[PDB]
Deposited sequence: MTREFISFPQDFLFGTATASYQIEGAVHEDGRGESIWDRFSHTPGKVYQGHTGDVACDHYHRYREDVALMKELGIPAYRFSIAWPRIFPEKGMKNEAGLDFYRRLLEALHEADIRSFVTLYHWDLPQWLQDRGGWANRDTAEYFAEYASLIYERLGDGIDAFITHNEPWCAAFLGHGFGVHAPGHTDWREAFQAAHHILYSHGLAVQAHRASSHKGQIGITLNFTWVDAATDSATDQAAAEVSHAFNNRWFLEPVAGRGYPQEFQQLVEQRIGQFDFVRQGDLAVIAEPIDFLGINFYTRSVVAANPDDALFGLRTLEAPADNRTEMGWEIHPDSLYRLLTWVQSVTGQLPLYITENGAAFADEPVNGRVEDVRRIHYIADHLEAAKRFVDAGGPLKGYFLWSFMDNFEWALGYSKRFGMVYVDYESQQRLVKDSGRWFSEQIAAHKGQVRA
């Protein structure tokens, strides 16, 4: 595939999440997370897969960073594990900070920028024992955990990310139950969504006083919605799913509040939002430096479901079942800019899952090479239209634990043989590296 051209400002990188790659779940005082409890609960993860070992990134980070530098990747988005820092109540763990200190010093010698997510769904179980995100105090514990990372690790970090996909943590974790902690109460799920948004604002406030001289933001994931027909009832359900997946978190960040027509819809099946206190939407909407965009696929939604009356039609698609629709990314970037305007935008997560197979010591994943190129072209058209797209982070650097589906989905440009823990750079990874060098 042809290489795609971008301005000099443009920034490339890969993305990982702590619990999906790190492993070493008992090492150096790490406390139990909600995903340790969930994956070890029978019937919750595909084939009972665990994050016990994962990619052993806790021990093989030096090689993985060296693999990044050898390919010349300019940046790296990873996450800091809250349980490694605060294993139990009010107990800082210096072995947790010292690990992430040695990881950042490895990124600096390789001359690799670091975007670090503070919360990527691995909430400590002791906080879950205290109600977790249904409890408003959790939003205040995250601010203190955010403030410590600012002081102890700030110098070696370029950009901070407070939350990754609050839609999943709130609704998949407390509404549908397919994610940790696995609750199925929709009042609790929308209550968690407000406290997550509230916890984001408190961390942005603490960051402005944190003396850290870098950028701060938040990554939201979007699933573009296209009505199944020109019908009024299908165009109606498509607008409901758009507010659910794409508007519920972005607009409060943008200082607009919750989507009002959709909120009165939610309160109708639940009740009045007694968890929205006076001043929360102002704290939630404290100005950030950038917005992280996580796109993967679009949805086609027809009318139907006692909650929102929605039904998505199955998908040319990913092993996740996700249809590969590249311009839906351009349509998404265009709509986001209508709400965000000139604020810098990074694609913090984009990729696909294909049935990767290693033959003759080579992974010939032609499908991902085409996927990366299609969305890179789609990302390029948004740059030509004047959109403030600053970077594109590839998901993922290496195959890892894809949550409820276990290790059955290999999103990585580097093949990981989980029995030998050997990193084998796929053909899609070398193509990305050529895209890096071609840009610079």
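Against the full deposited sequence, the model leaves out several stretches, namely 1-2, 307-308, 320-322, 448-452.
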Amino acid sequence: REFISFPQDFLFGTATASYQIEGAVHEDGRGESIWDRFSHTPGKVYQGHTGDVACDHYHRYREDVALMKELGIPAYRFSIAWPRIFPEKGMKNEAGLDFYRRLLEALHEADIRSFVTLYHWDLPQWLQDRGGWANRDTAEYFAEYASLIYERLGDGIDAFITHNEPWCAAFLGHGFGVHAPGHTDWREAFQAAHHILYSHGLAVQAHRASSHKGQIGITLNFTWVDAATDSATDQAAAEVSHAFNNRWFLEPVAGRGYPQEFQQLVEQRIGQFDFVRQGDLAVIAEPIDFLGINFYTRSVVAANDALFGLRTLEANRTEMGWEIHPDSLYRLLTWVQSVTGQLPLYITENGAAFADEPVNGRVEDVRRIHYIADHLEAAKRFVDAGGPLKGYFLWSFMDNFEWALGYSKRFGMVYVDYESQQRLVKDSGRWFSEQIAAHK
From here on, numbers count along this sequence of modelled residues.
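Mean CA temperature factor is higher for 385-393 when stretches 385-393 and 34-42 are set side by side in the entry. A summary of the deposited B-factors shows that, of 343-351 and 357-365, the stretch with the larger mean C-alpha value is 357-365.
Across the residues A66, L405, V414, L376, the deposited record lists the maximum Cα B factor for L376. Ranking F308, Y76, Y258, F86 by the C-alpha B-factor listed in the PDB entry places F308 at the top.
The PDB entry assigns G173 a C-alpha temperature factor belonging to the lowest third of its chain's modelled residues. For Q20, the recorded CA temperature factor ranks within the lowest third of the chain's modelled residues. The PDB entry assigns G201 a C-alpha temperature factor belonging to the lowest third of its chain's modelled residues. In the deposited entry, the Cα temperature factor of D185 places it in the lowest third of its chain's modelled residues. Among all modelled residues in this chain, the alpha-carbon of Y100 has a temperature factor (C-alpha) in the middle third.
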